[PDB]
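Heads up, the thing below is written out as structure tokens.
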Amino acid sequence: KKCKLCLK
Amino acid sequence: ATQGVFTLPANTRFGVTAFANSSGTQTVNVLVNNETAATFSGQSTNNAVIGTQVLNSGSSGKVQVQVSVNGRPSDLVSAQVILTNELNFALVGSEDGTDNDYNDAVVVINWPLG
Amino acid sequence: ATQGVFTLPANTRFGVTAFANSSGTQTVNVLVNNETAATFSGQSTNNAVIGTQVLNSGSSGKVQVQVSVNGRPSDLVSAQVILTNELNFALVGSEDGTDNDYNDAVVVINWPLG
Amino acid sequence: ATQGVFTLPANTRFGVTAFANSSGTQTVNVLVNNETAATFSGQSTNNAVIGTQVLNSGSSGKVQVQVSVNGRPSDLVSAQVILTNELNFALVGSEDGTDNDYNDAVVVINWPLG
Amino acid sequence: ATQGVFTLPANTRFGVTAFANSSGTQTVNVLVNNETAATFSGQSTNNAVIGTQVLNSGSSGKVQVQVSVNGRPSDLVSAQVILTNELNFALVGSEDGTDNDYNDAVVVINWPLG
Ligand SMILES: *C(=O)C[C@@H]1O[C@@H](C)[C@@H](O)[C@@H](O)[C@@H]1O
Ligand SMILES: [Ca+2]
Ligand SMILES: [Ca+2]
Ligand SMILES: [Ca+2]
Ligand SMILES: [Ca+2]
Ligand SMILES: [Ca+2]
Ligand SMILES: [Ca+2]
Ligand SMILES: [Ca+2]
Ligand SMILES: [Ca+2]
């Protein structure tokens, strides 16, 4: 999530 | 204004059906007389029929639709239409993000049945 | 007046789904650009989904719903409703007899998808 | 299907308003409980309000719109829509000729009033 | 969701008609291409027409209705309905207070004309 990959 | 709330004829069977059009998993809850009577969920960007069910409107006829995505309530739009003074559709759209297509969960209630 | 005919935006995916509420077997044909693109048949008195599909409106955007019961054409009612200037419903009820409930095959078309 | 007939709540006031869009003189009759309660006549191609009135739905709540041009009934299309479970519109269009624009007389019924 | 905004076909004449049902004096603004094109004002508790006007939808086709009482914007509900794939209604209700009849200003937009 530091990598902008909190995904649905 | 309040959306997703419909007064049906009392003690009448109605269909409720939900479609999904979002990367987010949809949760559709259907309340009758303020009590949860059905829950649908699924995830599709191609209009999957994530749930369909026949419910009874009960003595109050009050039916409410609520939509959430991973815990957060969706903004709702709704209306009811009557064709030839007999055939009823209660329609619901919902938005879970920012593109405002309001199709993320679509819910159709129809009556009478049979 | 003509019923069951809708002009969609060209080249747009739409969902079409049919429910049955009759002791007669429903036959639902969905024409795009005046050619049959989908056919549903099924029998239910309990609002069962007898078909659901995603189609493309094509170059013309012309979508037509026809309902039959053992070769007898059903009388149709229809309307289109748009919510928050974005979410579209094209609604079809049909009558295969004389009790005039117009729910014998119920067809819902919705767009946009995705 | 039958068109131009609406079941309103009993003993409820409602507005009825008619517009004209045709080279032919439109005659609009509004029946309540099968008795003529209002008549408007007029010719316009610019959407004139040839009449508006407040009526009461009476004991039966049955409301019927009829449209005629030089004594010949026009072909009618109609539906009812309900916003936020409260605000009601009964809508009527009519065709007196061959171009099928169905605006030759347009009738809008709304309730509740006050 | 956004309410009272409708996308009409570009460069098309439409009618807009407002009715009042409130002790508050109603002010209705109709915007075309995000510019005020018509303003109505009046007071009635009996569904009086406070204005009716023919306008053109302009290059964008975007029509907006706003409703205000004594400087305070009312809460809006809206929808669009299409009969026989030809006759168009854009419908607006508005609420200026606490009883939620949403009839305080009622606005009907209809097209095509002529
Ligand atoms: C999340 O990604 C947003 C979400 O899913 C998209 C694919 C799209 O359907 C959008 O409308 C929805 O709100
Ligand atoms: Ca969305
Ligand atoms: Ca979506
Ligand atoms: Ca039937
Ligand atoms: Ca039936
Ligand atoms: Ca005509
Ligand atoms: Ca005309
Ligand atoms: Ca009010
Ligand atoms: Ca009021």
Side-chain angles (χ1 to χ4, degrees), chain A residues 4-6 8, chain B residues 1-2 13 15 19-26 42-48 67-70 74-75 84 86-88 93-106 110-114, chain C residues 13 15 18-26 43-48 50 67 69 74-75 77 84 86-87 93-106 111-114, chain D residues 83-84 86-87 111-114, chain E residues 1 19-26 43-45 47 67 69 72 74-77 93-106:
Chain A
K4 302 172 185 292
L5 281 177
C6 184
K8 298 183 248 183
Chain B
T2 297
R13 280 170 56 235
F19 309 83
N21 289 283
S22 178
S23 287
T25 296
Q26 308 292 312
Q43 188 279 300
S44 172
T45 53
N46 206 38
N47 214 46
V67 180
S68 57
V69 176
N70 210 5
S74 295
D75 188 52
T84 192
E86 296 290 349
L87 181 61
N88 294 256
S94 62
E95 177 55 44
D96 61 33
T98 61
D99 69 340
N100 294 333
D101 60 356
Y102 277 86
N103 71 357
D104 299 323
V106 175
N110 68 290
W111 77 92
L113 303 184
Chain C
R13 295 171 67 83
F19 314 84
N21 287 280
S22 170
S23 78
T25 305
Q26 304 297 317
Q43 187 280 310
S44 178
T45 47
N46 294 305
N47 202 54
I50 63 170
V67 177
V69 176
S74 291
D75 190 52
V77 278
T84 189
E86 165 76 2
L87 174 62
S94 55
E95 177 51 53
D96 63 25
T98 61
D99 71 339
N100 300 333
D101 60 2
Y102 280 85
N103 75 1
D104 304 324
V106 176
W111 77 94
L113 303 188
Chain D
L83 304 188
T84 194
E86 164 77 358
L87 171 68
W111 76 92
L113 301 186
Chain E
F19 316 81
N21 291 277
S22 180
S23 61
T25 291
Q26 303 295 306
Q43 188 274 318
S44 175
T45 45
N47 212 46
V67 180
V69 174
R72 290 163 317 164
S74 308
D75 188 47
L76 305 181
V77 284
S94 68
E95 178 54 52
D96 66 26
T98 58
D99 65 352
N100 294 333
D101 57 359
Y102 277 80
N103 74 352
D104 299 326
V106 176

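Note that ligands are numbered from 1 as they come in the structure, with each ligand's atoms numbered from 1 the same way. Order of the sequence lines sets the chain letters (A, B, ...), proteins ahead of strands, with each chain counted from 1.
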Practice task
Could you list which atoms of ligand 1 come closer than 4.0 Å to a heavy atom of C:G114?
Solution key: 9 (O)
Problem - Test of proximity, B:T98 against ligand 1: N or O pairs below 3.5 Å - result: no
Exercise for the section: Go through ligand 1 atom by atom and flag the ones less than 4.0 Å from a non-hydrogen atom of B:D101. Expected result: 11 (O)
Problem - Interfacing atoms of ligand 1 (cut-off 4.0 Å, heavy-atom, A:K8) - result: 1 (C), 2 (O), 3 (C), 4 (C), 5 (O)
Handout entry: Any N or O of B:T45 closer than 3.5 Å to N or O of ligand 1
Key = no
Fill in the blank from the handout: Taking 3.0 Å as the strict upper bound, the Ca ion (ligand 8) has protein N, O or S neighbours numbering 6
Completion exercise
Taken in chain and number order and not counting sequence neighbours, the residues that satisfy side chain to side chain donor-acceptor pair (under 3.5 Å) with E:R72 are none
Handout entry: Atom indices of ligand 1, in the order listed, that fall short of 4.0 Å to a heavy atom of B:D99
Key = 8 (C), 10 (C), 11 (O), 13 (O)
Completion exercise
One should read off an interatomic distance between E:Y102 OH and D:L83 CG, to the nearest 0.5 angstrom, of 11.0 Å
Exercise for the section: State whether a side-chain donor-acceptor pair under 3.5 Å links E:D101 with E:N21. Expected result: no
Practice task
Within a distance under 4.0 Å of any heavy atom of B:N21, pick out the atoms of ligand 1 and give their elements.
Solution key: 9 (O)
Practice task
Could you tell me which residues satisfy side chain to side chain donor-acceptor pair (under 3.5 Å) with B:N88, sequence neighbours excluded, listed by chain and number?
Solution key: B:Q80
Exercise for the section: With heavy atoms of B:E95 as the reference, note each atom of ligand 1 found under 4.0 Å away. Expected result: 13 (O)
Handout entry: CG on E:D96 to CD on E:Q26, rounded to 0.5 Å
Key = 5.0 Å
Problem - Gap between atom OG1 of C:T45 and atom CG of C:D104 - 0.5 Å precision - result: 11.0 Å
Problem - Counterpart residues, side chain to side chain donor-acceptor pair (under 3.5 Å), relative to E:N100 (two or more places apart) - result: none
Exercise for the section: Verify, without hydrogens or angle tests, whether C:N47 (side chain) and B:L113 (backbone) share a donor-acceptor contact under 3.5 angstrom. Expected result: no
Practice task
Report the C-alpha distance between A:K8 and B:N70 in whole Å, list the side-chain angles of each, state the deciding distance to 0.1 Å, and finish with yes or no for side-chain contact (heavy atoms from CB on, under 4.5 Å).
Solution key: CA-CA 9 Å; A:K8 298 183 248 183; B:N70 210 5; over 6 Å; no
Problem - Short side-chain to backbone donor-acceptor contact, B:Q43 and B:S22, under 3.5 Å - result: yes
